[PDB]
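Q: My file is run_23.cif. It has mmCIF, C-alpha atoms; chains and numbers go by the auth columns:
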```
data_input
#
loop_
_atom_site.group_PDB
_atom_site.id
_atom_site.type_symbol
_atom_site.label_atom_id
_atom_site.label_comp_id
_atom_site.label_asym_id
_atom_site.label_seq_id
_atom_site.Cartn_x
_atom_site.Cartn_y
_atom_site.Cartn_z
_atom_site.B_iso_or_equiv
_atom_site.auth_seq_id
_atom_site.auth_asym_id
ATOM 1 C CA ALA A 1 106.290 78.113 50.078 0.00 1471 J
ATOM 2 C CA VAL A 2 102.858 78.589 51.635 0.00 1472 J
ATOM 3 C CA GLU A 3 103.057 75.191 53.360 0.00 1473 J
ATOM 4 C CA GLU A 4 106.522 75.907 54.738 0.00 1474 J
ATOM 5 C CA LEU A 5 105.341 79.315 55.948 0.00 1475 J
ATOM 6 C CA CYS A 6 102.422 77.621 57.700 0.00 1476 J
ATOM 7 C CA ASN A 7 104.840 75.309 59.494 0.00 1477 J
ATOM 8 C CA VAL A 8 107.123 78.215 60.447 0.00 1478 J
ATOM 9 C CA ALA A 9 104.188 80.222 61.816 0.00 1479 J
ATOM 10 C CA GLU A 10 103.014 77.243 63.859 0.00 1480 J
ATOM 11 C CA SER A 11 106.529 76.834 65.259 0.00 1481 J
ATOM 12 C CA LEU A 12 106.603 80.497 66.276 0.00 1482 J
ATOM 13 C CA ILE A 13 103.123 80.547 67.819 0.00 1483 J
ATOM 14 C CA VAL A 14 103.007 77.228 69.729 0.00 1484 J
ATOM 15 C CA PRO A 15 104.912 78.454 72.837 0.00 1485 J
ATOM 16 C CA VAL A 16 102.732 81.571 73.050 0.00 1486 J
ATOM 17 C CA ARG A 17 99.491 79.586 73.112 0.00 1487 J
ATOM 18 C CA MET A 18 100.930 76.933 75.439 0.00 1488 J
ATOM 19 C CA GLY A 19 102.287 79.477 77.939 0.00 1489 J
ATOM 20 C CA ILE A 20 105.950 78.450 77.775 0.00 1490 J
ATOM 21 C CA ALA A 21 107.538 81.504 76.173 0.00 1491 J
ATOM 22 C CA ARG A 22 111.098 82.137 77.319 0.00 1492 J
ATOM 23 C CA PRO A 23 111.470 85.610 78.894 0.00 1493 J
ATOM 24 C CA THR A 24 113.433 88.145 76.866 0.00 1494 J
ATOM 25 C CA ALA A 25 114.359 91.771 77.444 0.00 1495 J
ATOM 26 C CA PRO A 26 112.738 94.434 75.241 0.00 1496 J
ATOM 27 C CA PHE A 27 114.633 95.636 72.194 0.00 1497 J
ATOM 28 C CA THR A 28 114.293 98.505 69.756 0.00 1498 J
ATOM 29 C CA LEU A 29 113.473 97.996 66.081 0.00 1499 J
ATOM 30 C CA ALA A 30 115.861 99.077 63.341 0.00 1500 J
ATOM 31 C CA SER A 31 114.634 101.969 61.201 0.00 1501 J
ATOM 32 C CA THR A 32 117.199 101.291 58.448 0.00 1502 J
ATOM 33 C CA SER A 33 118.251 98.236 56.467 0.00 1503 J
ATOM 34 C CA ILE A 34 121.937 98.793 57.286 0.00 1504 J
ATOM 35 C CA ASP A 35 121.148 98.120 60.961 0.00 1505 J
ATOM 36 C CA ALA A 36 118.839 95.195 60.179 0.00 1506 J
ATOM 37 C CA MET A 37 121.660 93.542 58.231 0.00 1507 J
ATOM 38 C CA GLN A 38 123.664 93.564 61.452 0.00 1508 J
ATOM 39 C CA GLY A 39 122.303 91.332 64.171 0.00 1509 J
ATOM 40 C CA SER A 40 121.148 88.999 61.427 0.00 1510 J
ATOM 41 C CA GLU A 41 124.789 88.850 60.336 0.00 1511 J
ATOM 42 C CA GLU A 42 125.850 87.846 63.844 0.00 1512 J
ATOM 43 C CA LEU A 43 123.011 85.326 64.095 0.00 1513 J
ATOM 44 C CA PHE A 44 123.492 83.560 60.757 0.00 1514 J
ATOM 45 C CA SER A 45 127.210 83.964 59.948 0.00 1515 J
ATOM 46 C CA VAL A 46 128.196 81.519 62.684 0.00 1516 J
ATOM 47 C CA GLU A 47 130.001 78.195 62.594 0.00 1517 J
ATOM 48 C CA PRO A 48 128.918 74.820 64.013 0.00 1518 J
ATOM 49 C CA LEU A 49 130.439 73.416 67.171 0.00 1519 J
ATOM 50 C CA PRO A 50 133.729 71.680 66.272 0.00 1520 J
ATOM 51 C CA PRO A 51 134.308 68.053 67.282 0.00 1521 J
ATOM 52 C CA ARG A 52 136.283 67.048 70.338 0.00 1522 J
ATOM 53 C CA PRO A 53 139.970 66.811 69.352 0.00 1523 J
ATOM 54 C CA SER A 54 141.502 63.313 69.459 0.00 1524 J
ATOM 55 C CA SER A 55 139.494 61.187 71.943 0.00 1525 J
ATOM 56 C CA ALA B 1 82.896 66.688 95.961 0.00 1471 A
ATOM 57 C CA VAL B 2 85.423 65.048 93.644 0.00 1472 A
ATOM 58 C CA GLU B 3 83.571 66.317 90.564 0.00 1473 A
ATOM 59 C CA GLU B 4 83.314 69.856 91.921 0.00 1474 A
ATOM 60 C CA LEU B 5 87.008 69.826 92.824 0.00 1475 A
ATOM 61 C CA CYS B 6 87.812 68.698 89.281 0.00 1476 A
ATOM 62 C CA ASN B 7 85.860 71.650 87.902 0.00 1477 A
ATOM 63 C CA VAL B 8 87.577 74.064 90.309 0.00 1478 A
ATOM 64 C CA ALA B 9 91.014 72.738 89.336 0.00 1479 A
ATOM 65 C CA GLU B 10 90.207 73.121 85.644 0.00 1480 A
ATOM 66 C CA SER B 11 89.079 76.699 86.275 0.00 1481 A
ATOM 67 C CA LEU B 12 92.346 77.464 88.061 0.00 1482 A
ATOM 68 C CA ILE B 13 94.586 75.806 85.468 0.00 1483 A
ATOM 69 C CA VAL B 14 93.046 76.888 82.129 0.00 1484 A
ATOM 70 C CA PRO B 15 94.693 80.360 81.989 0.00 1485 A
ATOM 71 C CA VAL B 16 98.109 78.881 82.799 0.00 1486 A
ATOM 72 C CA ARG B 17 97.974 76.417 79.907 0.00 1487 A
ATOM 73 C CA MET B 18 96.441 78.950 77.510 0.00 1488 A
ATOM 74 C CA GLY B 19 99.022 81.651 78.287 0.00 1489 A
ATOM 75 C CA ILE B 20 96.583 84.296 79.534 0.00 1490 A
ATOM 76 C CA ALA B 21 97.498 84.564 83.211 0.00 1491 A
ATOM 77 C CA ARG B 22 96.980 88.032 84.657 0.00 1492 A
ATOM 78 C CA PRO B 23 100.256 89.419 86.075 0.00 1493 A
ATOM 79 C CA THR B 24 100.442 89.688 89.861 0.00 1494 A
ATOM 80 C CA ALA B 25 103.015 90.728 92.412 0.00 1495 A
ATOM 81 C CA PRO B 26 104.752 88.235 94.719 0.00 1496 A
ATOM 82 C CA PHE B 27 103.404 87.784 98.226 0.00 1497 A
ATOM 83 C CA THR B 28 104.552 86.010 101.362 0.00 1498 A
ATOM 84 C CA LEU B 29 102.700 83.022 102.805 0.00 1499 A
ATOM 85 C CA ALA B 30 101.223 83.182 106.292 0.00 1500 A
ATOM 86 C CA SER B 31 102.668 80.829 108.900 0.00 1501 A
ATOM 87 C CA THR B 32 99.829 81.413 111.395 0.00 1502 A
ATOM 88 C CA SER B 33 96.132 80.575 111.323 0.00 1503 A
ATOM 89 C CA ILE B 34 95.003 84.081 112.293 0.00 1504 A
ATOM 90 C CA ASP B 35 96.902 85.672 109.404 0.00 1505 A
ATOM 91 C CA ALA B 36 95.359 83.150 107.002 0.00 1506 A
ATOM 92 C CA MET B 37 91.934 83.979 108.443 0.00 1507 A
ATOM 93 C CA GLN B 38 92.763 87.594 107.655 0.00 1508 A
ATOM 94 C CA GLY B 39 92.983 88.415 103.977 0.00 1509 A
ATOM 95 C CA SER B 40 90.405 85.700 103.423 0.00 1510 A
ATOM 96 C CA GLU B 41 88.105 87.709 105.685 0.00 1511 A
ATOM 97 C CA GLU B 42 88.681 90.806 103.568 0.00 1512 A
ATOM 98 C CA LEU B 43 88.011 88.718 100.466 0.00 1513 A
ATOM 99 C CA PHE B 44 84.780 87.052 101.588 0.00 1514 A
ATOM 100 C CA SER B 45 83.321 89.739 103.872 0.00 1515 A
ATOM 101 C CA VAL B 46 82.274 91.952 100.965 0.00 1516 A
ATOM 102 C CA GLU B 47 78.830 93.005 99.810 0.00 1517 A
ATOM 103 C CA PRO B 48 77.174 92.947 96.376 0.00 1518 A
ATOM 104 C CA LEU B 49 77.085 96.150 94.381 0.00 1519 A
ATOM 105 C CA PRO B 50 73.908 98.047 95.359 0.00 1520 A
ATOM 106 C CA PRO B 51 71.401 99.054 92.676 0.00 1521 A
ATOM 107 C CA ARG B 52 71.283 102.525 91.202 0.00 1522 A
ATOM 108 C CA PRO B 53 69.006 104.665 93.408 0.00 1523 A
ATOM 109 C CA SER B 54 65.719 105.827 91.850 0.00 1524 A
ATOM 110 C CA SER B 55 66.020 105.690 88.027 0.00 1525 A
#
```
Please express what this file holds, its structure, as structure tokens.
A:
Amino acid sequence: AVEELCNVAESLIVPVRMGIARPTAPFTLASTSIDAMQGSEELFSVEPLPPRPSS
Amino acid sequence: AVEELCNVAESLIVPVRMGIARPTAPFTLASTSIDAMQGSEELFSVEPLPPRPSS
């Protein structure tokens, strides 16, 4: 778990220290877990892109 | 001259590739030599900070 967390942290920090961060508008932070569940629900409960029908 | 230009270029490019560039506002580019002489004149015709009088 510690090794995987190290890799995740490196993935998150590389664009910041290479100056290639993609601009994003500011957002507020949820003060309750019921709001934090949403947003994450939209992000994760998604389906892959379906294949092209026929050919 | 080539070596000094290399050092100047490195000085100019380090903040960009370390993600520490100081935000600035957009500006137009002069199309005349006199305008380019201006601005540069304000930049280079300055004086060093004088010492504190007495003690």
Q: For the contact check between chain J and chain A, emit one row per residue of chain J within 6 Å, containing the shortest atom pair and the distance in Å rounded to one decimal, counting all atoms listed in the file, chain then rising number order, as a Markdown table.
A:
```
| residue | atom | partner | partner_atom | distance |
| --- | --- | --- | --- | --- |
| J:1487 | CA | A:1488 | CA | 5.4 |
| J:1488 | CA | A:1488 | CA | 5.3 |
| J:1489 | CA | A:1489 | CA | 3.9 |
```
Q: One decimal, Å: what's the distance from atom CA of residue A:1513 over to atom CA of residue A:1496, could you say?
A: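 Taking atom CA of residue A:1513 as the start and atom CA of residue A:1496 as the end point, the length is 17.7 Å.
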Q: Once you add 5 Å to each side, what are the centre and edge lengths of the axis-aligned box holding all listed atoms of stretch 1486-1499 of chain A? One decimal in Å, as JSON, if you can.
A:
```
{"center_x": 100.6, "center_y": 83.6, "center_z": 90.2, "size_x": 18.3, "size_y": 24.3, "size_z": 35.3}
```
Q: Do you have the atom CA of residue J:1499-atom CA of residue J:1478 distance handy?
A: 21.5 Å
